[PDB]
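Chains as they are written, first to last, in the working numbering: chain A, 1 to 529; chain B, 530 to 944; chain C, 945 to 1051; chain D, 1052 to 1091; chain E, 1092 to 1133. The beta carbon of each residue, even a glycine, is placed where N, CA and C say it ideally should be.
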Amino acid sequence: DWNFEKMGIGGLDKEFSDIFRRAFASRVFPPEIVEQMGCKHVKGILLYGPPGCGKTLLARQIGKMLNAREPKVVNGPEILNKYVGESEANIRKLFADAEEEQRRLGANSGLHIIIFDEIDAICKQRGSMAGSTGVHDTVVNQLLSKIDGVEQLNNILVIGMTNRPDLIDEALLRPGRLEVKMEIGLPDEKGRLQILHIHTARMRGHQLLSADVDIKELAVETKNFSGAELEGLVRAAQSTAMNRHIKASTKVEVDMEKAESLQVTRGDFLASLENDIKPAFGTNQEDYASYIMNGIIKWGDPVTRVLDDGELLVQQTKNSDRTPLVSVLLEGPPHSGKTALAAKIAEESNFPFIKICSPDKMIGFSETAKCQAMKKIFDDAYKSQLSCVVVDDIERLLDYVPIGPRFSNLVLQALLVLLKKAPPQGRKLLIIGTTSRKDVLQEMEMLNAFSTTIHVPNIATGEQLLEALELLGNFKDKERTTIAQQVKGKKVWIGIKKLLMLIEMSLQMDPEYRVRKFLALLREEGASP
Amino acid sequence: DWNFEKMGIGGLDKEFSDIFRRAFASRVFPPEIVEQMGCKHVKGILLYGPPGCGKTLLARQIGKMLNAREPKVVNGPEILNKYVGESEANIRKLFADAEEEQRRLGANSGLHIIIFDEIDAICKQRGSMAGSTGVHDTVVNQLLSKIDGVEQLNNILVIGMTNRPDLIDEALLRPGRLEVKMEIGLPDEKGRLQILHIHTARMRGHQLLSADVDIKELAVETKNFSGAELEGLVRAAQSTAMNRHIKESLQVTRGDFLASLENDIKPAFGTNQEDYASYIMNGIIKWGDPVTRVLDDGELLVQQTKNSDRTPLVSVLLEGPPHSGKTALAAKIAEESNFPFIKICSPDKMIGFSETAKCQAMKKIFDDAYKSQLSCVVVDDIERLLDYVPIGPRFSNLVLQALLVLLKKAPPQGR
Amino acid sequence: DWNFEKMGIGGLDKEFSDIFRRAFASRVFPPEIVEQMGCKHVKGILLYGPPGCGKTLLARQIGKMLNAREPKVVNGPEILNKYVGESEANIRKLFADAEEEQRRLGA
Amino acid sequence: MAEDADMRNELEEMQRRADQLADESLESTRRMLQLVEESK
Amino acid sequence: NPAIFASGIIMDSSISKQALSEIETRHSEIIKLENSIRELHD
Ligand SMILES: Nc1ncnc2c1ncn2[C@@H]1O[C@H](COP(=O)(O)OP(=O)(O)OP(=O)(O)O)[C@@H](O)[C@H]1O
Ligand SMILES: Nc1ncnc2c1ncn2[C@@H]1O[C@H](COP(=O)(O)OP(=O)(O)OP(=O)(O)O)[C@@H](O)[C@H]1O
Ligand SMILES: Nc1ncnc2c1ncn2[C@@H]1O[C@H](COP(=O)(O)OP(=O)(O)OP(=O)(O)O)[C@@H](O)[C@H]1O
Ligand SMILES: Nc1ncnc2c1ncn2[C@@H]1O[C@H](COP(=O)(O)OP(=O)(O)OP(=O)(O)O)[C@@H](O)[C@H]1O
Ligand SMILES: Nc1ncnc2c1ncn2[C@@H]1O[C@H](COP(=O)(O)OP(=O)(O)O)[C@@H](O)[C@H]1O
C-alpha cells in the first residue's frame, strides 16, 4: 500500500530519489536478471546536517515502508556497561538473528534493519586519547569486524544520523560499509511551500482555516526558516486562535458555545511571526534597531553617492560569475557616522543571511577565542546561497594602541587569510569593513586585500549645518536666523554624532540662554581641518 | 478547586498568561476539535533571571496545580556516577513510566512531569574541546535522543531552571524541545504592592497589624527590592516586634518596619550608604567658587542623562593635579544624583589580581548596572587600573581594550 | 535562657544578644501565636573572625541550648574527592536524617 | 548497597535452606539403613 | 581535569545456584523410598 504522498516529507525530492536509486533499486528488479550480474547489495546509509532539517523523520519513514521485520533502534550510547567485556556483547546481540536466518534460509531470507542514533557518541576516531578511553577502542573494532568480516552477510541495512560528520572513524565510511552519504540542508521557496501545504492540509480539510490567508505570501515572507520552525509557527497560530474562547482562565476555566465557529485568521500568523518564533540562520529586526539608533537623514550630496556606490557593489556581487567574492572598505574621520551607513547598505541588500561581527561581544576574550569566533561566523555564511557579513572597528578588533605599537598578530593573520578564501562552488559572498585610521592599515599591507574603498565626509559648510538643524528641527525660526547670521560666513568641521550631543547639551539651559551656549560650544570644539 | 488567587504569586501576570496560552491552551479544549487539527503538544519550558526573583515558586505552583501525578525532581547534578555507563542509565530511568503508559493506553494517558534543577550543571555545549570529558557529551546525547527520538512520546512536560542562559547547548532549545523561554526580572511598583499584600494577609485577618502602617508608603520607600528581600523585611519586622515582649496584646507598628528597613535588609541591586562614609572622610568645605562650579556642572550632567532620549549614555572625566580632592567630589556628585543604583569600582579591592581577573570584575559590575531603569558607575584612579609606570612604558592592554569597548556600549532598550 | 556567662563564653555580650533577638525569637514564643502569624524560621547564620577566638564553642553551645540532636561536624577541605560524583555524594549525605524524619513524622 | 545487601541476605537464608535439605536427606538415609537391617 | 571513570572485574562464584539446582528435587525421592521400605519392614 506504499505511496510517496503518504510519506509526508516535503522539499527533499532529490535526496530521496538518490537513496532509492542506490539502495532499493537492486532488491526490486527481477531476481533472474540480477543473478546474471553477480552484484552484491548496499548495506549502509549516513545522514548529516544542521539541527532541525528532517533526518529522523526520513529514517522513520524508510523504516515503515519496508514489509519486513520490525526495525531495531539504539538511542545514543545505550549499549555501554560497567563490566569488562559486557559492553561488546550488546553489539553482537544485534546481528544474531540475521546470521541465523542467513544460515538457515540461504539466499531467500528477509531484510533486517538497524538504526543507530547519534552515531558520533560510540564511533569516534581510534587512537585519539592514547588508546582511547579503554571502552571506545573495543566497541569500534567489534562493529567493524561484524559489519564486514570473514563470514559474509547479505540481508542487513544500517542507517546512521549525525550532526558532526567530521569525527566518525575513517575506516567505517569506505565503500563497503557505509557507502551512501547524504547531507540534509535548508529548503528554498518551493520547499517551504510544500512543507506548509503538508502541515495545513488537515486544517483545510474541515474548513477550520479562514479564506483571507494566502500560503504564497507566507512562503515568500519566511526566508531561511528550518524545517521545524514552520511547524512551530503553525502550532503557535493554532494555540493563539484557540486561546480566545477561554474567558475566565484567571478565576475558573469556562468554554463558550461559539467554539463551533472557530477559525484561524491571518492576524494570528502575523502576531506569531512578530513575537514567538525567531529563526537561527535568518535575520531579525532587533540588531538594525540597535545600530541605526536615530535613522538616516539626507543633509547633503555625499550620502546619496555613498548609497549608490553600495548599490552598485551589491548588484555586481548578485549578477557576476567570474568573481564570487567582493569586498569594500568604508573609511573616514572619527564621529562621522559610518557603521550606520554600512548597516543601511546591508539592510537594503535584501539578502537572506546578514550578520554583524562586532567587538561588543568579545570583551575579555584572548586571541585564540577572537580567532575561533570569527571562524564560526564565517562558516555559518558558507551554507546559504547568498550572504553579506559586516566587520566593525577593525582597529579595536586587533587591539591596536599607538604606543610601541602593540597589537595581536594571530588575529591579523586570520583576517588576511580569510579575505581570499572563495566559498564552495556556486555561492556568493560580500564583505564590508569599517575603520577610522587608513594609514595604520596601510602600513600593515592590508589595503591590498580589499577590492575598493569609499570615503565618508563631515559637515563642512554652513548651509549643510543649517539643513541638518532644520531636518532635526530643534531650534525654531528666530534662533535659526540668529545662528545663520553668526555662522553663514565661515567654515565648519564637525560630525553628526557630535552634533546630536552638542544640541542635547545646549538644550539644558534656561529658555533664553540656549543659542549663546550652543555657539560657545561650537566655537570651543575647534576646527583643525 | 483551583483559582489564581490561591497560588500566592504576584507581579508575574503577563509571564504566567503567556505560559498558559502556549503550553496548556490545547490540553483543555474539547478533544474532538483538537483531533481535527492534528497538532502535537509543547514539550518544554525554560526560566531564567537573577537570583531571588521567583522561579522555583512558579515551578512548584505549576507542578501542584494540575491533575497530573507526582512530579519527579532532579536536584542539580545528582545523576553523575564514577562507573562507565551509569549516568546514562540514571537519565534513562526518568522516562520509563511515560513510555510504558503510552504503549499501554495511547491517546487516553494522563500527564507526567519532570523538573530539572540547575540544568546548566549538566548540559553544557558539545564543543570539540579536543575531545570533551564524557560527562558532557554522553549525558547530553542521551538526553537529546530521549526527549525527541525515533519513537513518539506525547504525554510529558519538562521544566528547567538556570542563572546562565548562555552556556546551554543550542540543539536543545529548538521547537519540538524546550522552546518556551521566559525571563523573570525585578518587579516595579505594582509588583511590590502585590507582594506586600500577599505576605501580610494573615496578620491583618487576626487584627495583629496596627492601623498606622500604610502599605502604599512601603511600596515607594523600597526601590529595586527583589522578591526575596521583601519577605525578609517583613520577617525582621515581626521578629523585632516579638522580641519586645520578653523581659496577648501583641501588635506590629511602623517603628519596627523603619528599624528593620534601616538595619537588617541590605539589597544587592540598591544603593549603599557605607561607601560614601568611607570615601568622603572629612565632608566638603566651601573655600571658593570652583567647588560650586564643579557641583553645578555635575548637576547639569545628571539632569541631562535623566531627561533625554537621544543620549541614553553619558560620560565625564574629572582631572587635575595630585592631592587635589577628585574622589570626594565624584562621590558627592553620585550621592546627590538620587539614583536607585549607585556603585564604585576602585582598584584597592583587586590587590594582586592578574589581567583577566580585573576584566571579569569590571564586566560583572557593568552587567549588574545593566538591570535597572537608572544607574551610575564611578571608575576612579584609572591609571592604577591600567598598571602604568613611566619606565618603559609598561601597562596592561587587555584592561584598556575592555574599558574602551565598554565606554561606548548602549544598554538594553529604554534604560 | 540566655545567661551568656553561665554557658562558658565571656566577652560576647552584643554578638550574642543580636543573634538571640534576630534568629531565635520565633522558636521559644508560644506556638499558637507563631502559627497565627504565619512566619517561617531562619535557615542559618554566618560567623567570621580571626582564628582562635571562640566560634565552634558558640555553635555547640547554641546547639545544646535548643534541645537539638547531635551536630554533624564537617571539615571543608575533606569533602573533595578526585572521582566524578564523589564530592556531590558527600555533600548530599548530610541531609538524609532530616528528610527521612520529616517524611515520617510530618510536622 | 541496600539492594545487594538484601538479596545477599536472601541468599544466606537460601544457604540455610540447602543445609536443612542436605541434613534431612542424610538422616533419612540413616533411618533407611536402620530399618533395612532390622527386617532380617 | 579531575574526572576519570573505573571498570570492575568480578570474583563471584560460590555455593551452588539457587534452588533451581537439583538439590531439592534430589531430596524429594528419598522420602518415598523410606515410605516403601517402612511398609516392607512393618
Ligand atoms: N521536510 C519536512 N517536512 C515536514 N516536516 C518536517 C520536515 N523536516 C522536519 N520537519 C518537522 O520537524 C520535526 C522534527 O524534526 P526531526 O525529527 O527530523 O529533527 P532532526 O533535525 O532530524 O533532529 P536533531 O537535529 O535534533 O537531531 C518533525 O516532526 C516534522 O514536524
Ligand atoms: N546621515 C547619517 N549618517 C550616519 N549616521 C547618522 C546619519 N543621520 C543620523 N545618524 C546617526 O548618527 C549616529 C552614527 O553613529 P555611529 O554609530 O555610525 O558612529 P561611528 O562613526 O561608527 O563612531 P566611532 O568612529 O566613534 O566608532 C547614529 O545615531 C545614526 O543614527
Ligand atoms: N513574585 C513573588 N511573589 C511572592 N513571593 C515571592 C515572589 N518571588 C519570590 N518570593 C518569595 O521569595 C522566595 C524566593 O525563593 P525562590 O525559590 O523563588 O528563589 P529563586 O530566585 O527562584 O532562587 P535561586 O536564585 O536560588 O535559583 C519565594 O519562596 C517566596 O518566598
Ligand atoms: N572641597 C573639598 N574637595 C575635596 N576634598 C575635600 C574638600 N574639603 C575637604 N576635603 C577632604 O579632602 C580629602 C579628599 O582627598 P582625596 O582622597 O579625594 O584625594 P585625591 O585627589 O583622590 O588624591 P590622590 O589622587 O593624590 O591620591 C578628603 O579628606 C575630603 O574629606
Ligand atoms: N570566649 C571564650 N571564653 C572562654 N574560652 C574561650 C573563649 N573563646 C575561646 N575559648 C577557648 O578556646 C578554645 C578553642 O576554641 P576554638 O573552638 O578552637 O575556636 P575556633 O573556632 O577559632 O577554632 C576553647 O577550648 C576555649 O577554652
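Item	Value
Beta-ladder partner(s) of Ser387(A), from DSSP	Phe353(A)
Closer than 8 angstroms to chain E by CB, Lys987(C)	no
Residue nearest to residue 1052(C) in terms of C-alpha spacing, selected from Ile1035(C), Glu1043(C), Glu1022(C) and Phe960(C)	This structure leaves residue 1052(C) out entirely; chain C is present only between 945 and 1051.
For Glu1045(C), the three-state DSSP class (helix, strand or coil)	helix
Boundaries (first-last residue) of the beta strand (DSSP E) holding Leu824(B)	Run containing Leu824(B): none in the beta strand (DSSP E); it sits in the alpha helix (DSSP H), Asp818 to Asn836.
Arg551(B) to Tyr288(A) span [Cα, whole Å]	28 angstroms
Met7(A) to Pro77(A) span [Cα, whole Å]	29 angstroms
Buried or exposed by the 16-neighbour rule on C-beta atoms within 10 Å, applied to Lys622(B)	exposed
Residues of the region 1006 to 1037 of chain C whose Cβ lies closer than 8 angstroms to any Cβ of chain B, in chain order	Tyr1027, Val1028, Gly1029, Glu1030, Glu1032 and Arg1036
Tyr48(A) - DSSP class collapsed to helix/strand/coil	strand
Buried versus exposed call for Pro919(B) [16 or more other C-beta atoms within 10 Å across all chains shown]	exposed
Which residues DSSP lists as bridging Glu331(A), in chain order	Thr435(A) and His455(A)
Best match in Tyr992(C), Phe968(C) and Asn1034(C) for proximity to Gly1007(C) [C-alpha to C-alpha]	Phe968(C)
Residue burial classification, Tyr400(A) (beta-carbon count within 10 angstroms, cutoff 16)	buried
Any non-hydrogen atom of ligand 2 within 7 angstroms of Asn294(A) CB	yes
beta-carbon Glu445(A) near ligand 7 non-hydrogen atom, thresh 7 angstroms	Inclusion of ligand 7 in the displayed structure is not the case, the ligand content consisting of ligand 1, ligand 2, ligand 3, ligand 4 and ligand 5 alone.
Nearest-angstrom Cβ-Cβ length linking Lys938(B) and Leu914(B), presumed shorter than 8 angstroms	Actually they are not in contact, since the Cβ atoms of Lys938(B) and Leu914(B) sit about 18 angstroms apart, beyond 8 angstroms.
Reduced DSSP category for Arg322(A) - H, G, I as helix; E, B as strand; rest coil	coil
Within chain B, the residues that residue 531(A) reaches when beta carbons sit closer than 8 angstroms	Lying before the first or after the last residue shown, residue 531(A) is absent from chain A, which here runs from 1 to 529.
Neighbour flag for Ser336(A) against chain B, beta carbons, 8 angstroms	no
Enclosing alpha helix (DSSP H) for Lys1123(E) [first to last residue]	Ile1114 to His1132
Burial state of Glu708(B) (16 or more Cβ within 10 Å)	buried
Under 8 angstroms from the C-beta of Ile1106(E): neighbouring residues of chain D	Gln1066 and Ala1069
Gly982(C) versus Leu847(B), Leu737(B) and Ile813(B), residue with shortest Cα-Cα distance	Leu737(B)
Rounded straight-line distance, which links the Cα of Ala236(A) to that of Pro334(A)	46 angstroms
Whether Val668(B) touches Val73(A) by CB criterion (8 angstroms)	no
Chain B contact for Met981(C) (CB, 8 angstroms cutoff)	yes
Amino acids of chain E, ordered along the chain, whose beta-carbon sits closer than 8 angstroms to that of residue 986(B)	As displayed, chain B neither begins before 530 nor continues past 944, which places residue 986(B) out of reach and without an answer.
Three-state secondary structure assigned by DSSP to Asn75(A)	strand
Cross-chain neighbours of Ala1110(E) in chain D, by beta carbon under 8 angstroms	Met1065, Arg1068 and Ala1069
Three-state secondary structure (DSSP) of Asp255(A)	strand
Closer than 7 angstroms at the beta carbon, the chain D residues around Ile1128(E)	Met1083, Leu1086 and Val1087
DSSP three-state assignment for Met1102(E), whether helix, strand or coil	coil
Under 7 angstroms by beta carbon: chain C residues contacting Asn772(B)	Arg965 and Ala969
Closest Cα partner of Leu46(A) within the set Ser145(A), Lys181(A) and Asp97(A)	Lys181(A)
Limits of the unbroken alpha helix (DSSP H) element including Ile676(B)	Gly663 to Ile676
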